[PDB]
Every structure is written in structure tokens, then in C-alpha cells.
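Next up: a single chain in C-alpha cells, the form deposited in one PDB entry.
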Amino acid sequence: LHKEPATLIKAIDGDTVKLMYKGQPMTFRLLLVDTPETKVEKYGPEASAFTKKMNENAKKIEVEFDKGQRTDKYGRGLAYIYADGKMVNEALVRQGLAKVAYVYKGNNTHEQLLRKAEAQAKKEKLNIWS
């Protein structure tokens, strides 16, 4: 997989962000993570703020598509997002603000990495695992 530059337009939810990718606005859905929804579930606003803060404070945002389908039925790009080299998907799981979701159409490159982050958050009984 390879990383591509992107520019933040707007954070929408804990699991969704609007980015300028290769010249045009685009909504991205973070791969392999299920965050509480605000559109209001518990930890939903916490997950949203986390994603918002992490992307807004970064100097560089990069998107990394996996090897499976690159967009869902709603037209959102499916990717791993990096804020200053740190994967947003992983940070959410590690902080206990998201659960690892089921693999979707072959996009599983980072599933083990995320499963490990989740096991650790569970052990520490962080947020969602409270």
C-alpha cells in the first residue's frame, strides 16, 4: 500500500472526514473501525472530537487505500488516514473510542494491528470498555 497527501476540509464524525484528495473534495470512511455515532450514542461526541482534533492539529494528512474495494455504496472512500504519520484508525481503537469492524471486501491489511490495539484497550478498560 502507499500513502498519498490530502488536505483536511472538515471532520464530520468519529468515523468520517471530508478531505481534498488529488484536487477534489471527498468524504472518507475510516477502514476497520466502528465508532459510536453522534448523528447520540455514548462516546459518540468523544470519538468525534478525537478524530476532529487529531486531523485539525496535523501538519500533514495522508490517506492510504487498502487492496480491496476503495469506496462504499454511499460514495465514501475507504481508507486508513494518517495524521503526521500516525494512523487515525489505530489511535481510535487504541484509545478505546472504536471497536474493530468486520473486514469489508478484502480490506484487511491492518486488521491484526488494529485487533491488537483493541485487545489492549479492552485490558485497560478504556472508555467504551469501561
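Residue positions are given as counts along the sequence shown, with the first one as 1.
Another form, the form deposited with a small molecule bound, is not on view; read the next lines as being about it.
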At 4.5 Å between heavy atoms, only one of the stretches 29 to 37, 56 to 64, 43 to 51, 80 to 88 reaches the small molecule in the bound PDB entry; which one is it?
29 to 37
Would you please decide whether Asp15 lies within 4.5 angstroms of the small molecule in the bound PDB entry, comparing each non-hydrogen atom pair?
yes
The small molecule contact at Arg76 in the bound PDB entry, heavy atom, 4.5 Å:
yes
